Each structure stands twice: as C-alpha cells, then as structure tokens.
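I have placed the structure first, in the form of structure tokens, so that the comments after it can refer back to it.
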Amino acid sequence: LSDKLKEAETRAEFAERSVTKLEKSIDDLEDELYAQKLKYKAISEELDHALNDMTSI
Amino acid sequence: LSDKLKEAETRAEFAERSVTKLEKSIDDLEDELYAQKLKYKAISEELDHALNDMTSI
Amino acid sequence: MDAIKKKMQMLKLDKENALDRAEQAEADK
Amino acid sequence: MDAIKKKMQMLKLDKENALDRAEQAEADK
Amino acid sequence: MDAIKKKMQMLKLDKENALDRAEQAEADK
Amino acid sequence: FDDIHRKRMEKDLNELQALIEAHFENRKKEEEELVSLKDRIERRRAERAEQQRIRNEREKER
Amino acid sequence: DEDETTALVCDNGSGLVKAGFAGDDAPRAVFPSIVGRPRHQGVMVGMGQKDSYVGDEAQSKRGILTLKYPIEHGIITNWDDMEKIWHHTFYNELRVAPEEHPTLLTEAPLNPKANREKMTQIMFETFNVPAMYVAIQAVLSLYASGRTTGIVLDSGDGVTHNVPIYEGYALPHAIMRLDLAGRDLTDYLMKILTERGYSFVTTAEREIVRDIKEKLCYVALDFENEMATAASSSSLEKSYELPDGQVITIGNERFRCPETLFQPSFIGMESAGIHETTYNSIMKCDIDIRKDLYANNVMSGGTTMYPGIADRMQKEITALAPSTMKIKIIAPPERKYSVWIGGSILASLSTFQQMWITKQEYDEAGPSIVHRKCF
Amino acid sequence: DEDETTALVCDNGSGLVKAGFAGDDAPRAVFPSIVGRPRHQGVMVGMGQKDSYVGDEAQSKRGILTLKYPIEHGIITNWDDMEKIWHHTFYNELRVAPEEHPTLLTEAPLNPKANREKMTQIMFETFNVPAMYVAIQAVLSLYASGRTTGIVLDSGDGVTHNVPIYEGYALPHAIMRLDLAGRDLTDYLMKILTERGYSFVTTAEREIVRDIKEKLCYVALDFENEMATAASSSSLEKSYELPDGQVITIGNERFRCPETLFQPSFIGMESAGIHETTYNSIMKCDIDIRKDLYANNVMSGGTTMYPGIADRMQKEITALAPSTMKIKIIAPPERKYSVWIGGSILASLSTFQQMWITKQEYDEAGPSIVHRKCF
Amino acid sequence: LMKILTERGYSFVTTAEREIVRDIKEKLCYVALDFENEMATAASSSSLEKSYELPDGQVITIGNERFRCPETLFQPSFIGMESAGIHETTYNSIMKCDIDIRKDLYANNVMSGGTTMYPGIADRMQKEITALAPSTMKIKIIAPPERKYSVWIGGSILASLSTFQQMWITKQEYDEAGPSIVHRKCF
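Residue numbers (the deposited numbering), protein chains in the order written: chain P, 228 to 284; chain Q, 228 to 284; chain S, 1 to 29; chain R, 1 to 29; chain Y, 1 to 29; chain T, 87 to 148; chain L, 1 to 375; chain M, 1 to 375; chain K, 189 to 375.
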C-alpha cells in the first residue's frame with residue numbers, strides 16, 4: 228500500500244503539479260483570449276467607428 | 228495506508244481527472260481559442276491589409 | 001468602404017474642379 | 001483608418017482651399 | 001413633554017427671530 | 087528653401103510607398119508565417135495532447 | 001368611503017409607506033414598505049397561510065418570514081410587491097380605490113426615470129387610476145415647510161438629495177445626491193452592536209436594530225465630547241428591551257451610528273457629510289441666491305428627528321459659511337412625514353389640476369409619458 | 001540627458017499637464033493634474049503605501065484613493081501638490097532637474113496675478129530654476145498654428161478664455177472670459193447618466209464618467225435634430241464598458257453633455273454659449289480687425305476634439321456673422337495641442353531670450369517680478 | 189449531518205457521537221459542482237455511497253448526506269438560516285467595494301481556514317461567484333494545498349516581520365491602559 232500510495236501520491240502530486248501547470252496555462256490562455264477578443268473588439272469597433280465618423284473621405 | 232491510498236488514489240483520480248479535465252478544457256479552450264487566435268488576428272489583419280488597399284482611392 | 005472610396009474621389013474632384021475653376025475664373029477676372 | 005484620417009484632412013483642406021480659390025477667382029470680378 | 005416640544009419650538013423660533021431682528025436693526029446702520 | 091519642402095515630400099512619399107508596403111508586408115509575412123507556424127504548433131500540441139490522454143488511459147488500465 | 005374624488009397621496013419609500021387623501025394635513029396611515037414570505041416548510045393542515053404578507057401583516061407574522069422592501073434607495077424594482085403594498089394601502093387602510101381617484105406619488109429630482117415610468121404604468125394598468133402625477137419630493141418638502149426658497153435636506157431611509165430651490169425654480173447643477181441614508185445607519189448599528197457582543201445579521205434582527213435606532217439614537221451637537229463621556233461612563237448608556245426579553249445596553253453606539261451622517265467614512269463612504277453637501281449646494285449658487293438659501297436650510301425625512309441634528313448641521317454650515325450673513329435650519333415637528341403633507345398641498349392646488357396625466361393620454365403614449373407630463 | 005540648458009515646458013490645466021522640453025514640437029509625457037490620497041485604514045503591515053500618489057500613480061491606485069485636482073478654473077489653489085506634480089513631471093519622466101534648466105509655465109491672459117506669482121516663486125525657491133517665464137496660452141496657440149491673428153478659444157477643463165489677438169497685439173476690451181468648461185460638462189453627464197439608472201457619486205465613478213465622455217461624446221453639427229433621433233431610437237446609442245465588466249448604454253446624453261458648450265443653461269450658467277462668446281470678441285474689435293478674426297477662429301485646449309466641433313463652430317459663427325464675409329475655423333488635427341507646442345516655440349525663440357527672468361532679478365525683487373517682466 | 193444521519197437510523201447526540209460525526213464529515217463529505225445531479229444519482233444508487241468505520245468496529249454507510257451537509261454552504265436554509273449562502277456573501281464582499289476595487293477582488297477570491305478542504309469547493313465557489321458576477325470579468329480562486337494552515341503561516345510572517353515589531357503591545361503600555369488597548373494598538 229506504501230508503494231501503491233507513493234505511486235498514488237506520485238499520481239496525485241504529479242497531477243497536482245501538472246494541473247497547476249495547466250491552471251497556469253488556463254490563466255495565460257484566458258489572458259491571451261482576452262487579448263484576442265480585446266484586440267479584435269478594438270479593431271472591429273475602431274473600424275466601425277472610424278468608418279462611421281470618417282465618412283467624408 | 229489504506230486510507231491514505233484511498234485518499235491518494237481518490238486524489239490521484241481527482242488530480243489526474245483535473246489534469247485530463249483541464250487538458251481537455253484547455254484543448255477545448257486553446258482549440259476554440261486558436262480559432263479566435265487565428266481568425267481574430269487574420270480577420271483584423273486582413274482587414275488592415277485591406278485597409279491599406281481600401282484607402283488607395 | 002464605400003464612404004471612403006466615394007467621398008475621397010468626390011472630395012478629390014471638388015478640389016480638382018475648384019482648382020481648375022479658380023484658374024479659369026481668375027483668367028476671366 | 002489612419003490613412004483616411006490624414007487623407008481626409010488633406011482633401012478637405014485642399015478642396016476647401018481650391019474652392020475658396022474658385023469662389024474668389026470669380027467673386028473678385 | 002408635549003407642552004415643551006411646542007413651546008420650545010415657539011420660543012426658539014421667536015427668540016431667534018427677535019434676535020435676528022435685534023441684530024439687523026443695529027447692523028443695518 | 088522650397089527645395090527643403092520638396093525634399094521632405096520626396097522622402098515622405100518614397101517612405102509612404104515603402105511604408106505602405108513595409109507596414110502591410112512586414113505584417114503579412116510575420117503574421118501569416120506566425121499563424122501558419124503556430125497553426126501547426128497548435129495542431130501538433132493538440133495531437134500530442136490527445137496522444138498523452140490516450141497514454142494516460144492505457145497506464146490507468148495497466 | 002370618501003364623498004369626493006380627491007386625489008390619493010402616497011410616499012412609497014425604501015422605509016415607510018405614507019398615505020392619505022389630498023386635502024388632509026397628515027397621512028391617515030403609515031406602515032413599512034414590506035412584503036414578507038415564509039422561509040419554512042408547513043406541516044400542519046388547514047392552517048390557511050399566505051404565499052406572501054403585506055405591511056403590518058408581514059411584520060406581525062415575521063417570525064417565519066423573510067422580509068423584503070420593493071424600493072431600493074428611492075427606486076421601485078419589485079413592482080409586484082409594490083402592487084400588493086398599494087392595494088393594501090388603498091383598500092385595507094384608506095378604504096379608497098384608485099379607479100375612482102387621481103393618484104399622486106413622489107420621487108427625488110435625480111431619481112432614475114425608470115421609477116417614475118414604472119409607478120405610472122402600474123397605477124394605470126393594474127389599478128385603473130383615472131389620472132397620475134409623479135411629484136418631486138423636494139417640491140413637496142418645501143411646500144410642507146412653507147418655503148419657495150431653500151435647501152431640501154430629505155435625509156430619510158433611502159437617499160439624501162440635497163437640492164437648492166430659489167423662488168420656486170430648481171438650481172439643478174448644485175444638487176448633491178448622496179449615497180448616505182437611514183437604511184445604512186440600521187446596518188451600521190447592527191455591526192457596532194456586534195462589537196458590543198450582540199450580533200445582528202437576520203431580518204428579525206434588522207427590524208430589532210431599526211427599532212433600537214428609532215428609539216435610542218441621537219447625533220449630539222459636539223460628537224467628540226459626547227463620545228468621550230459615552231465611552232468612559234454608564235451615565236450615557238441606555239438600555240433596550242428586545243422582543244424575546246433580552247436586554248441590550250448601548251453606549252456610544254447610540255450616537256456613533258447617527259454620526260455617520262456627518263462622518264460617512266464610518267461606513268466606507270467617500271463623503272464629507274450632510275453639512276458639507278448642504279454648504280456646497282449653496283456655494284455653487286449665485287451670491288444673490290446664497291443669502292436666502294443659507295438662511296433656509298430645510299429638513300424633511302427621517303434622521304432629521306435626531307436630537308442635535310439641526311444644531312449640528314447649522315453649526316457646521318455656519319463654520320464653513322462666511323460671517324455677517326445668517327445661517328439657519330428649519331426643522332418643523334411635521335418631520336419625517338412632511339413630504340406626504342407636501343403631496344396633499346400639491347394635489348389640492350388649483351394650479352395643479354392641469355398637471356395630471358389622464359387615462360387617455362397614458363394609453364395613447366404609454367408610461368414614458370410621465371417623463372414629459374410631470375416635470 | 002540634455003546637452004544644453006533648454007527651457008523645460010509645461011501646460012498645467014485643471015485637467016491634465018502636458019510636458020516636454022523647449023525646442024520640440026510635441027510634449028514627451030502627459031500627466032493628469034491629480035494627487036491621490038487613501039481614504040482607508042491600513043490593516044496589513046509591510047505593503048509600502050504612500051501618503052499621496054501623483055499623476056498616473058494617483059489614477060493607477062485610485063480604487064481606494066480620493067482624487068483631488070490642485071488646479072481649478074485656470075489657477076493653482078494647492079501648490080504643495082503642484083510641487084509633487086512638477087518633480088514627477090520634470091524629473092521622473094523627462095529626466096531633467098529644473099535646477100540646471102529654465103522653466104516655462106502657462107496662464108490665461110486675465111488669469112489672477114497670484115497664480116503667475118506662485119508659479120514663479122515655486123520654480124525659483126523649491127526647484128531652484130535658473131530662470132522663469134509665465135506665458136499667455138493664446139500666444140502659444142497662435143505660434144503653434146502659424147497665426148499672429150485670431151480668436152483663441154482655449155475651451156478646456158477649467159475656464160474658457162476667448163481672446164482676440166491681431167498682428168501680435170492683444171485686444172483686451174474684446175475678451176469674453178467665461179466660467180463654462182470641460183469639468184462642468186462632466187458634472188452634467190454624471191447627472192443625466194444618473195437619470196438613466198447609472199448613478200456616479202465617488203471618485204472612481206467620476207473618473208469613469210470622464211472616460212465615457214472622452215470616448216463616446218460629441219457635440220453634433222445640429223444638436224436638436226441629432227437629439228430628436230437619439231432620444232427616440234436605439235439606432236444612435238453607444239455602449240461603454242465599465243471597469244467591473246458591466247456596461248452602460250448612452251443615447252442623446254452622448255451629445256447633450258457636450259452641448260452645454262452651446263447651451264450653458266443645462267448647468268445653470270448664464271451664457272449663450274461658446275460661439276457667441278467667440279462672436280462677441282470679433283464684434284468688439286475694430287472694423288479692419290474683424291475681417292481677419294472672422295477668418296481665424298483658433299481652436300486650443302480640450303473639448304476642441306469633440307466630433308462636430310470644428311464644423312459646428314465655423315457654422316455657428318457664420319450664422320451670427322454678416323453675409324459676404326468669409327468665416328473660417330483653424331482646426332487642424334494638431335488642434336488644441338497648440339498651447340503646449342507654442343510653449344516650446346516661445347521658450348526657444350531668439351527674440352525671447354531677454355524675456356526670461358533670471359534667478360538674480362528674482363531674488364532682488366521677489367515673485368511679484370513676474371507681473372513686471374513676463375508681459 | 190447528525191440530524192440527517194438520524195434519518196438513516198444512526199442517531200448521534202453524545203460527546204463520543206459528536207466527535208464521530210465531525211470526523212465523518214471531514215473524511216466523507218464534499219460539494220462537487222452540481223448538487224441536483226449529484227443528488228439524483230446519490231439518492232438512486234449505492235454507487236455513490238461511502239462507508240465510515242465507527243470506533244467500536246461497527247460501520248455506517250452514508251449516501252447523499254455526504255454532499256447535502258456541505259451544500260448548506262450554498263443552501264443555509266438546510267439549518268434554518270436566513271441566507272443565500274457563502275457565494276452570495278463572497279459576491280457582496282466584492283460588489284460592495286468600489287468599482288475600481290471589484291476587478292482585483294474578483295481575481296483574488298481567497299480560500300482560508302476549514303471547510304476549504306471539501307472536494308470541489310474551490311471550483312464550486314469560482315463557478316457560483318462567476319454566475320453572479322458580470323461577464324468578461326475574470327473570477328479567480330486562490331486555493332493552495334496550504335489551505336487552512338494559511339492563517340498560521342501568515343501569523344508567523346507577521347509576528348516575525350521587522351516592519352511589525354512596533355505593533356506589539358508591550359507589558360508597560362498594557363498595564364497603563366488595561367486590556368482594551370488591543371483595540372487601539374493592533375489595527
């Protein structure tokens with residue numbers, strides 16, 4: 228059980244270390260996502276507005 | 228040890244589950260995210276490309 | 001965008017036409 | 001539209017100036 | 001003290017008004 | 087003096103055309119190379135991720 | 001039961017509901033703006049039991065109810081609970097029916113427009129009132145006090161409004177709407193009574209604290225001196241008897257709560273206090289206005305009934321104000337209920353009978369009509 | 001970093017401070033004219049925390065700070081805060097200590113003498129500047145725009161000055177100074193957004209409204225027609241993202257706020273608006289001056305960057321002006337940033353080196369010297 | 189839990205029994221991310237039951253009580269409390285702060301002390317606050333394995349901090365002022 232435990236703890240800790248990395252990947256991913264959305268939003272909107280106001284040329 | 232193993236095995240499962248749940252939500256994140264990532268910049272990028280040409284009048 | 005293409009050309013034309021009108025009218029006056 | 005923001009200023013100013021010239025060229029009599 | 005609550009308002013208002021008058025009567029010069 | 091102004095327009099318009107091209111082309115080259123590269127990195131990571139998920143399932147059975 | 005089609009007048013605030021008929025000098029009845037609901041599973045059969053209770057019913061059966069107030073710092077959001085409050089107010093108390101009477105309701109000058117539109121919609125669509133008129137609380141506060149010129153200090157349960165009016169005209173740029181009210185004092189007192197070893201967190205506990213505040217609290221003319229003695233001796237303590245027989249002895253909390261009106265930082269508010277907002281609303285007005293507004297700071301609403309409040313604000317305003325000029329607070333006994341009285345005054349003016357939205361104009365335009373017809 | 005004793009140049013308004021060095025054609029940095037202070041009691045130990053935050057620090061840490069502006073209606077009322085702003089403005093970002101470089105500060109033509117005297121005193125006694133000059137903002141705008149003649153509208157956050165200048169001469173009898181400004185436009189927007197259900201009363205909330213105004217608002221070429229549609233349909237509404245993820249949707253308020261420039265009565269101001277203010281300055285100048293001032297309406301300061309303002313101001317003056325006459329507005333993209341640029345131009349003119357007050361003359365005469373030397 | 193274990197035929201009221209139930213709770217209970225679905229299966233099958241060993245060798249088998257207990261955190265009415273739950277209170281602690289504060293508190297929701305060790309609680313809370321929170325905004329929970337021992341750790345950090353040595357009330361100030369001094373000196 229000790230070996231199974233060390234293996235289960237290895238798996239739990241492996242996975243905990245890995246999930247930590249994945250959680251970090253999510254935090255980074257969401258920040259990247261926000262950057263994609265925010266930049267997209269900013270670009271699509273800056274153009275809708277730039278073209279809606281800048282219509283006379 | 229049995230309880231620690233059950234807890235560690237339960238945690239091995241929960242932590243590994245969290246790992247495969249996050250690997251999946253991350254993939255399902257990133258994959259859907261790359262779609263945004265590849266299309267928000269390409270749409271905005273091609274919009275800006277087009278703008279250099281849109282503005283050639 | 002139609003607004004930019006159509007007005008850039010029309011405003012460009014107002015300029016070109018006005019420029020020619022200035023030269024023409026100035027020659028008359 | 002940075003290209004437009006400046007081209008817009010260029011053409012509005014150039015047509016307005018050309019038009020001001022067209023109008024004066026005739027108006028001066 | 002209901003009698004006071006109202007008499008209190010009466011006298012504070014009446015003295016304040018009388019005092020405001022005393023002060024203005026002199027202050028007006 | 088007015089030649090300064092002409093020189094300014096010459097460099098600015100030579101720069102404008104160099105810039106319309108450089109602005110667009112530097113992005114199209116970097117950006118399309120980047121997405122093409124990272125579209126592949128994204129796919130390769132997804133493939134590896136699936137393979138690891140499969141590997142984890144196989145170890146769980148082992 | 002009325003023998004004339006007199007307008008009904010009602011102030012439906014975040015605290016109390018005041019109601020009566022136009023032409024009287026007081027509301028006929030006053031009760032809390034509460035609709036209560038059971039928070040327990042019934043076990044006895046044939047017990048009656050309502051899905052919801054209203055006003056005094058909500059408080060009378062509150063032992064097993066959670067109690068909600070439909071008006072949030074001056075605005076109506078839970079219009080369904082307010083329909084029940086109005087129905088109770090009109091039919092079970094005044095014994096009138098809006099269908100046979102025009103109705104006047106009131107709100108602060110910077111109250112969101114949604115409030116006036118929803119009140120108009122419900123009175124016309126669910127009560128079939130022949131006419132409606134949403135009045136300004138500041139207008140009604142000065143009518144009741146007898147002024148055409150002055151500052152309305154309406155410091156009640158919802159929001160403090162702080163508006164200067166001159167010769168019957170608004171001076172709106174100088175309005176200092178402030179998120180400091182009697183409702184915050186109830187919650188603050190629950191927290192400082194917790195500091196004393198008597199925690200209060202539930203509805204019943206909140207209603208107990210609101211009762212402690214209403215019966216034991218004051219502000220005092222000099223806070224720091226009152227604080228120094230209350231914090232040092234039992235001679236400034238006052239007990240309160242709770243509904244369950246417990247007794248709480250309260251010391252400087254008795255005034256530290258109410259003092260939040262002058263020191264809003266006690267509840268985390270970014271504000272200099274009600275005396276400064278009064279002062280600045282006058283200072284932003286022209287100098288030929290200021291001479292009349294400083295001499296006519298007018299109290300309306302709750303909290304204005306605390307001992308030392310008129311003297312406390314007059315002292316602070318006077319300290320901030322220039323000399324020679326006189327500074328005065330008008331604080332009549334018709335306090336806390338004076339806006340209702342103002343409603344009666346407005347509703348009964350001959351010059352006001354052309355101000356009503358009729359139930360013709362209402363249906364042709366919809367409830368947004370109040371935004372153009374009332375003010 | 002500098003290889004010459006170039007003057008340092010700042011344009012310090014009731015809003016923001018633009019800064020850079022003499023001889024450039026642009027500021028190098030901009031700071032808000034803000035000093036922030038915490039309104040909360042620290043609980044944790046060892047988290048740093050300043051007594052006060054300056055400029056961009058004040059806004060970045062604003063969640064718990066009250067934010068104050070040291071400048072109001074064109075003058076410094078709090079110079080201790082301006083000293084912190086100037087250290088930050090000149091040394092932390094531009095990297096130049098005034099001790100080895102002359103400094104140019106700006107003012108409106110009728111700006112109270114006390115303000116130019118303190119600006120002079122502070123830079124000489126606190127920063128040990130070798131020389132000082134306090135410049136007229138209208139002069140600076142005309143230099144930057146390439147004019148010697150025109151009406152300068154410096155329509156920013158503090159005060160609208162409106163001064164006619166012809167062939168480099170002041171025409172002071174025709175100045176129409178007006179207490180109508182960008183800070184009041186913001187206050188109006190806070191009140192009308194309150195009517196829409198979004199009350200703003202704290203510093204964080206005030207800064208949001210100023211951000212809404214700067215990103216969403218415009219004057220419109222024709223206000224009443226623009227309002228007729230904006231107030232009737234969602235087709236002219238624009239949303240704004242609030243800091244917490246919530247949003248606000250704004251209709252005619254989007255242009256009604258800026259409109260106060262043309263309709264000052266919206267904020268209780270006794271004025272016909274900025275276009276009659278401009279027109280009257282032209283009207284009061286000599287008849288052989290008027291033609292050049294009609295052809296040169298000069299735009300500087302804030303609010304000059306609202307959509308529709310350049311076209312609206314030329315149209316509004318044309319509507320007041322005699323026929324035949326050509327009315328023209330000077331409103332290039334570099335509009336308003338003309339005052340900072342002019343400070344740079346003036347400081348570096350060879351014809352202006354004798355206009356610098358040295359720290360020789362200053363100590364012999366004291367700060368009152370600026371009134372004798374700058375203009 | 190003592191009351192719902194009574195429903196299952198195992199009443200717990202005495203000291204030994206009270207200590208056992210607390211131990212059962214700590215070892216067997218959880219919240220998970222969906223109460224109603226977890227209840228639908230726990231109430232229908234032995235597959236979600238867990239046995240606990242009592243001190244005398246006897247056992248108790250527990251089903252949906254395993255999650256119905258801690259669910260009181262999200263459903264306080266279970267114990268007769270007038271509350272919407274811990275996620276409503278977390279939300280209000282964030283929401284009642286200024287608008288330029290809210291973003292940082294949403295991103296720093298901190299688990300501390302006991303009950304933070306119920307399986308699914310860190311994510312259950314992030315989900316429940318997210319459900320009340322505005323969209324776009326990132327709601328994040330801080331929930332390290334040093335959960336519940338974090339108060340002790342902070343106590344060590346603060347007590348030993350050089351910047352906090354002046355914050356200690358000495359036994360001079362104490363006798364001059366009396367014990368009420370803690371109210372003025374600690375914060």
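Think of the CB as a built atom: it goes at the ideal place given N, C-alpha and C, for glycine as much as any other residue.
Where do the ends of the alpha helix (DSSP H) carrying K:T278 lie? What you label residue 278 of chain K is simply residue 90 of the ninth sequence in a count that begins at 1. K:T278 -> alpha helix (DSSP H) spans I274 to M283.
At the level of alpha carbons, what is the spacing between M:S145 and M:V298? In the eighth sequence, residue 145 of chain M corresponds to position 145, counting from 1. In the eighth sequence, residue 298 of chain M corresponds to position 298, counting from 1. M:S145 and M:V298: Cα-Cα distance of roughly 8 Å.
Going by the CB atoms, is the gap between L:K213 and L:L180 shorter than 7 Å? Locating residue 180 of chain L in the seventh sequence gives position 180, where the first residue counts as 1. Locating residue 213 of chain L in the seventh sequence gives position 213, where the first residue counts as 1. No, the Cβ-Cβ distance between L:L180 and L:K213 is not below 7 Å.
Does the CB of R:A22 have a neighbour CB from chain Q at under 7 Å? Your numbering for residue 22 of chain R matches position 22 in the fourth sequence. It does not: the Cβ of R:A22 has no partner Cβ on chain Q nearer than 7 Å.
With the cut-off set at 7 Å, would you say S:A25 and R:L19 are in Cβ contact? Counting from one through the third sequence, the residue named residue 25 of chain S turns up at place 25. Counting from one through the fourth sequence, the residue named residue 19 of chain R turns up at place 19. In this structure, R:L19 does not lie closer than 7 Å to S:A25 by Cβ.
Tell whether a beta-carbon distance below 7 Å holds between L:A295 and L:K328. Translated into the one-based positions of the seventh sequence, residue 295 of chain L becomes position 295. Translated into the one-based positions of the seventh sequence, residue 328 of chain L becomes position 328. Yes, the pair counts as a contact, with Cβ atoms nearer than the cut-off.
Among residues of its own chain, excluding the 5 on either side of M:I76, which ones have a beta-carbon nearer than 8 Å to its beta-carbon? The residue labelled residue 76 of chain M in the question sits at position 76 within the eighth sequence. These residues qualify, in order along the chain: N12, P70, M82, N115, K118 and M119.
Starting from the C-beta of K:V201, find all residues in its chain whose C-beta is less than 8 Å away, skip the five residues before and the five after it, and write them out in chain order. In the ninth sequence, residue 201 of chain K corresponds to position 13, counting from 1. Excluding sequence neighbours, K:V201 sits near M190.
Rounded straight-line distance, which links the Cα of M:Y198 to that of L:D3: Sequence index remark: in the seventh sequence, residue 3 of chain L carries index 3 (1-based). Sequence index remark: in the eighth sequence, residue 198 of chain M carries index 198 (1-based). About 44 Å.
Out of curiosity, what's the CA-to-CA distance linking L:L65 and L:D184? Position 65 of the seventh sequence, counting from 1, holds the residue named residue 65 of chain L. Position 184 of the seventh sequence, counting from 1, holds the residue named residue 184 of chain L. Using only the alpha carbons, I get a separation of about 22 Å.
May I have the straight-line CA-CA distance separating T:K114 from P:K264, to the nearest angstrom? As a working note, residue 114 of chain T is residue 28 in the sixth sequence. As a working note, residue 264 of chain P is residue 37 in the first sequence. Cα to Cα, T:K114 sits roughly 20 Å from P:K264.
Taking the alpha helix (DSSP H) that M:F21 falls in, what are its first and last residues? For the purposes of this step, residue 21 of chain M is taken as residue 21 along the eighth sequence, with counting starting at 1. Premise fails: M:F21 lies in the beta strand (DSSP E), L16 to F21, not in any alpha helix (DSSP H).
Compile a chain-ordered list of the residues in the stretch 302 to 320 of chain K whose CB is closer than 9 Å to at least one CB of chain M. none
M:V139, enclosing alpha helix (DSSP H) - first and last residue: By one-based count along the eighth sequence, residue 139 of chain M stands at place 139. Counting along the chain, the alpha helix (DSSP H) containing M:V139 begins and ends at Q137 to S145.
Would the stretch 239 to 247 of chain Q and the stretch 122 to 132 of chain T be scored as touching if the rule is three or more Cβ pairs under 8 Å? no
Cα-Cα, which of L:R210, L:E207, L:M305 and L:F127 is closest to residue 377 of chain L? Chain L is shown only over 1 to 375; residue 377 of chain L falls outside these bounds and no answer can be derived.
Taking the alpha-carbon positions, what's the M:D244 to L:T277 distance? The sequence position of residue 244 of chain M within the eighth sequence is 244, counting from 1. The sequence position of residue 277 of chain L within the seventh sequence is 277, counting from 1. When rounded, the distance between both Cα atoms is 28 Å.
Bridge-paired residues (DSSP) for L:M325: By one-based count along the seventh sequence, residue 325 of chain L stands at place 325. DSSP output for L:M325 lists no bridge partner at all.
Mind pulling the beta strand (DSSP E) runs of 3 or more residues that sit fully within the stretch 286 to 325 of chain L? 297 to 299
Say whether chain Q places a C-beta atom closer than 7 Å to the C-beta of R:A3. The residue you call residue 3 of chain R lines up with position 3 of the fourth sequence. For R:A3, the answer is yes, since a Cβ of chain Q falls inside 7 Å of its Cβ.
Can you name the residues of chain Y whose CB is closer than 9 Å to the CB of L:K326? In the seventh sequence, the residue the question calls residue 326 of chain L occupies position 326. Within chain Y, the residues near L:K326 are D20, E23 and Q24.
Burial state of L:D363, where buried means 16 or more other Cβ atoms lie within 10 Å: For the purposes of this step, residue 363 of chain L is taken as residue 363 along the seventh sequence, with counting starting at 1. Result: exposed.
Tell me which residues share the same chain as L:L193 and place their Cβ nearer than 8 Å to its Cβ, disregarding the 5 neighbours each side in the sequence. As a working mapping, residue 193 of chain L is identified with position 193 in the seventh sequence. Excluding residues within five positions, the ones whose Cβ falls inside 8 Å are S199, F200, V209, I212, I248, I250 and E253.
What residue range does the beta strand (DSSP E) around M:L8 cover? As a working mapping, residue 8 of chain M is identified with position 8 in the eighth sequence. Segment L8 to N12, the beta strand (DSSP E) holding M:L8.
Since I believe M:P164 is in contact with M:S281 (beta carbons under 8 Å), could you give me their beta-carbon distance rounded to a whole number of angstroms? For the purposes of this step, residue 281 of chain M is taken as residue 281 along the eighth sequence, with counting starting at 1. For the purposes of this step, residue 164 of chain M is taken as residue 164 along the eighth sequence, with counting starting at 1. Yes, M:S281 and M:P164 are in contact; Cβ-Cβ is about 5 Å, under 8 Å.
Per DSSP, cross-strand counterpart(s) of M:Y53: By one-based count along the eighth sequence, residue 53 of chain M stands at place 53. According to DSSP, which records beta bridges pairwise, M:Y53 is partnered with M:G36.
Pick from M:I34, M:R290 and M:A347: whose alpha carbon is nearest that of M:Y166? The residue labelled residue 166 of chain M in the question sits at position 166 within the eighth sequence. Residue M:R290 is the option with its Cα nearest to M:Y166.
Residue range of the beta strand (DSSP E) that includes K:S338: Counted from its first residue, the ninth sequence places residue 338 of chain K at position 150. First-last for K:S338: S338 to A347, but that is the alpha helix (DSSP H), not the beta strand (DSSP E).
Near-chain L residues of the stretch 261 to 278 of chain M - C-beta to any C-beta below 9 Å: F266, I267, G268, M269 and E270
Please report the Cβ distance between L:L293 and L:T149, rounded to the nearest whole angstrom; I am assuming they are in contact, meaning their Cβ atoms lie under 8 Å. In the seventh sequence, the residue the question calls residue 293 of chain L occupies position 293. In the seventh sequence, the residue the question calls residue 149 of chain L occupies position 149. Correct: roughly 7 Å between the Cβ atoms.
Any Cβ of chain S within less than 7 Å of the Cβ of P:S283? The residue labelled residue 283 of chain P in the question sits at position 56 within the first sequence. Yes, contact with chain S.
Using 8 Å for Cβ pairs, my map puts M:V45 next to K:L346. What's the rounded Cβ distance? Sequence index remark: in the eighth sequence, residue 45 of chain M carries index 45 (1-based). Sequence index remark: in the ninth sequence, residue 346 of chain K carries index 158 (1-based). Right, the Cβ-Cβ distance comes to about 6 Å (below 8 Å), so this counts as a contact.
For M:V163, write down the residues that DSSP places opposite it in a beta bridge. On the eighth sequence, residue 163 of chain M is found 163 positions in, with the first residue counted as 1. In DSSP, M:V163 forms a bridge with M:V152.
Residue from M:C285, M:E259, M:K284 and M:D286 with nearest C-alpha to M:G273: Counted from its first residue, the eighth sequence places residue 273 of chain M at position 273. It is M:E259 whose Cα lies nearest to the Cα of M:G273.
Taking all protein chains shown into account, do 16 or more other C-beta atoms lie within 10 angstroms of the C-beta of M:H88, making it buried, or fewer, making it exposed? As a working mapping, residue 88 of chain M is identified with position 88 in the eighth sequence. Answer is buried; the Cβ neighbour count reaches 16.
For M:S265, the residue or residues it bridges with in DSSP: The residue labelled residue 265 of chain M in the question sits at position 265 within the eighth sequence. Answer is none; M:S265 lacks a bridge partner.
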